[PDB]
């Protein structure tokens, strides 16, 4: 079936490579393509929000997890839908890009871990019960 670690790895590798960043640890195909196209589209529609988020993160090694948790909680405070999940992936991408910009590339591995466990444990039942990634693909692919 669907592999959350693979979904996270391919998405973060795509987003980083797209902007010229490296990630050695990253360096069913329809789900990966649909997700990255949806995330690209979201980032174009809400470019101002993304640019403001990138500017405000101010990451350090000891604060990165708290910044991640703080934004994810606000993102889903009104409930989960597919668009907020795409935003969750795009935010992870922004977290990874800013980690490298602050000379903290090792954080990319941690962020990828946090995203994977969020899918595995926090979002898993919602995704499964609302049709899984196959429904996401039929809706937006």
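Numbering follows the first chain given and starts at 1.
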>> What does the record say about the segment between residue 27 and residue 28: how many deposited residues are without coordinates (none, 1 to 3, 4 to 9, 10 or more)?
In response: 10 or more
> Comparing 36 to 44 with 87 to 95, which has the greater mean CA B-factor as deposited?
Replying inline: 36 to 44
> What stretch has the higher average Cα B-factor here, 18 to 26 or 122 to 130?
Replying inline: 18 to 26
>> Can you tell me which of 81, 54, 110, 70 has the maximum CA B-factor listed in the PDB entry?
In response: 54
> In the PDB entry, which of 100, 115, 75, 64 has its C-alpha at the highest B-factor?
Replying inline: 100
